[PDB]
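Numbering-wise, the sequence shown is residues 4 to 282, 302 to 483 according to the authors' numbering.
Working notes, structure below.
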Amino acid sequence: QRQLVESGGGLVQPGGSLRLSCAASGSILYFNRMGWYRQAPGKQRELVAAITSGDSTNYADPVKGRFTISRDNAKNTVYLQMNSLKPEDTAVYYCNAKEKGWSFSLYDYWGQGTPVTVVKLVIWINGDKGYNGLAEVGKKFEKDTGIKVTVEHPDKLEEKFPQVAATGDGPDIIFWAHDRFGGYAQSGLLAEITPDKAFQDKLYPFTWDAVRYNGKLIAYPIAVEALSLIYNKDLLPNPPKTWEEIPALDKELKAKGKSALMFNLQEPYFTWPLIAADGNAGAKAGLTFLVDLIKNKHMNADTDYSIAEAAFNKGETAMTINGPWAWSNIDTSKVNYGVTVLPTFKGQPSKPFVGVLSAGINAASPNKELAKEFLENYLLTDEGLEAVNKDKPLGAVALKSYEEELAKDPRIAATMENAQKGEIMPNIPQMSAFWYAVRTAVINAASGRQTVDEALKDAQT
Ligand SMILES: OC[C@H]1O[C@H](O[C@H]2[C@H](O)[C@@H](O)[C@@H](O)O[C@@H]2CO)[C@H](O)[C@@H](O)[C@@H]1O
């Protein structure tokens, strides 16, 4: 009897190649047609290619241009060279031979089947974090397993993720502070995390609470973040302990062609500490001072992340407000910088919002157990968090083993000093609408459209 035996089925990266071969126990000269069919999980039989005894090859539109069907009558084998592979190609590939016997009737022959998996582990993390370091962890993952790990940093990913992941494929894992994850959890865009006790015990029990929505773990905690006052020790050795003495320092510094403080005023995360310093009366008091700085021409109206970072790094401003991640770019510049407590306002301290960088698995991903492996056994490790921290600092990492190395850093001490004066963000689904209401309120008052009293009116609604 005639029997078809397929081979060449394995895992590859999108763009890579695979050569399937289907050998028979008889002469291919007797077969009229030979061809390859594919069946993905829970789908119908799909013909990809075929070759007739008359040497004419036909293909399907998806594989056309990428796959070629070859035949070797010596080796009694038909071949499918698959090049420039994609995740859509993934399926169990089957070989097929049709034989017209001496009489009118024919004989269809089939084989065992060969599995072909085109897998890619794609990660979404903000461009202000250590993505090159996260890629080095990803490169160590592909060495030990064989799965490609591409790291992406698209703009507005906090609001691009729920639109793309809901409809399209999106990423396998999403990295963002824990506050945005309650909205993703309510919407049903995140798979429930089920980590073993041994792994759970490696991180601080307080970090696991931040990534918990309605008694379910929705992400893996990476590190604790908190804004701090970064200052040039050469332009300013004894920096301000209070916000109210900055205008005086700016008058002193503008005479020498320098600014006192430049920080991102567009994003409300950076203005919120001053706004929530006293408290309402505390928000009105806090925002009026911020408006007075711009009204007195001390701070520019459209001060964004790029022109504030560049200004501090160039040595044009004496101070700036930024997180752990920002230190690597200052180290690169020739600036003798210092990280310290945020200035006090009306005697009380500025209360920043404490974020917990967390990795959540996308609910609409087929690579859930592969991402768990990556997050647990490779990223959340002493070696994995080191590779990320040396690119761009993570902040006070959630990993228990790092406690001594974090306690040796003068800047992590200033970050924890500000984190204690601040408070952790509630993960609730309303955070998105809240953050939008504060973002608009600050921009309107900064530019000069709405009054400080009318800003809190529209924001409280
Ligand atoms: O600005 C509002 C924005 O603030 C926080 O985002 C931070 C993020 O947590 C940090 O890790 C860093 O990337 O900067 C972001 C601000 O530029 C909140 O997490 C986010 O919800 C909110 O939109």
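No residue lacks a Cβ here, since even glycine has one placed at the ideal position from N, Cα and C.
DSSP state of residue i mapped onto helix, strand, coil
i: residue 20; result: coil
i: residue 34; result: coil
i: residue 44; result: coil
i: residue 102; result: strand
i: residue 483; result: coil
i: residue 311; result: helix
i: residue 116; result: coil
i: residue 326; result: coil
i: residue 178; result: strand
i: residue 49; result: strand
i: residue 478; result: helix
i: residue 469; result: helix
i: residue 111; result: strand
i: residue 160; result: helix
i: residue 167; result: helix
i: residue 56; result: coil
i: residue 446; result: strand
i: residue 319; result: coil
i: residue 352; result: helix
Contact test: residue i Cβ vs ligand 1 heavy atom, cutoff 7 angstroms
i: residue 161; result: yes
i: residue 379; result: yes
i: residue 183; result: yes
i: residue 351; result: no
i: residue 457; result: yes
i: residue 272; result: yes
i: residue 345; result: yes
i: residue 158; result: no
i: residue 445; result: no
i: residue 228; result: yes
i: residue 389; result: no
i: residue 411; result: no
i: residue 453; result: yes
i: residue 475; result: no
i: residue 131; result: yes
Euclidean distance between Cα positions of residue i and residue j
i: residue 10; j: residue 151; result: 23 angstroms
i: residue 442; j: residue 192; result: 31 angstroms
i: residue 76; j: residue 146; result: 38 angstroms
i: residue 19; j: residue 55; result: 28 angstroms
i: residue 249; j: residue 17; result: 54 angstroms
i: residue 275; j: residue 224; result: 23 angstroms
i: residue 35; j: residue 111; result: 10 angstroms
i: residue 256; j: residue 262; result: 6 angstroms
i: residue 420; j: residue 408; result: 12 angstroms
i: residue 70; j: residue 22; result: 10 angstroms
i: residue 426; j: residue 418; result: 11 angstroms
i: residue 460; j: residue 198; result: 36 angstroms
i: residue 455; j: residue 183; result: 11 angstroms
i: residue 28; j: residue 102; result: 13 angstroms
i: residue 302; j: residue 415; result: 35 angstroms
i: residue 371; j: residue 280; result: 5 angstroms
Should the segment 434-445 be called in touch with the segment 356-368, which here means at least 3 C-beta pairs below 8 angstroms?
Yes, the segment 434-445 is in contact with the segment 356-368.
Whole runs of the alpha helix (DSSP H) within the segment 187-270, excluding any shorter than 4 residues
Fully enclosed alpha helix (DSSP H) runs of no fewer than 4 residues occupy 200-203, 208-213, 249-257 of the segment 187-270, in order along the chain.
Is there contact here, the segment 162-180 with the segment 379-393, by at least three beta-carbon pairs under 8 angstroms?
These segments touch.
Would you list, in sequence order, the uninterrupted alpha helix (DSSP H) runs of no fewer than 4 residues that lie entirely inside the segment 372-431?
Restricted to the segment 372-431, the alpha helix (DSSP H) segments that are unbroken, complete and at least 4 residues in length are 390-395, 404-411, 425-429, listed in chain order.
Under 8 angstroms, with one C-beta from each stretch per pair, do the segment 37-53 and the segment 78-94 reach the 3-pair mark?
With a cut-off of 8 angstroms on Cβ pairs, the segment 37-53 is in contact with the segment 78-94, counting three or more such pairs.
Okay, do the segment 232-242 and the segment 331-349 touch, 3+ Cβ pairs below 8 angstroms being the bar?
Judged by pairs of C-beta atoms under 8 angstroms, the segment 232-242 touches the segment 331-349, as three or more such pairs exist.
Quick check: the segment 265-272 against the segment 212-221, are at least 3 beta-carbon pairs closer than 8 angstroms?
Three or more Cβ pairs closer than 8 angstroms define a contact, and the segment 212-221 falls short of that threshold against the segment 265-272.
For the 8 angstroms Cβ check, are there 3 or more pairs between the segment 308-319 and the segment 208-215?
Segment contact: the segment 308-319 against the segment 208-215, fewer than three CB-CB distances shorter than 8 angstroms; contact not assigned.
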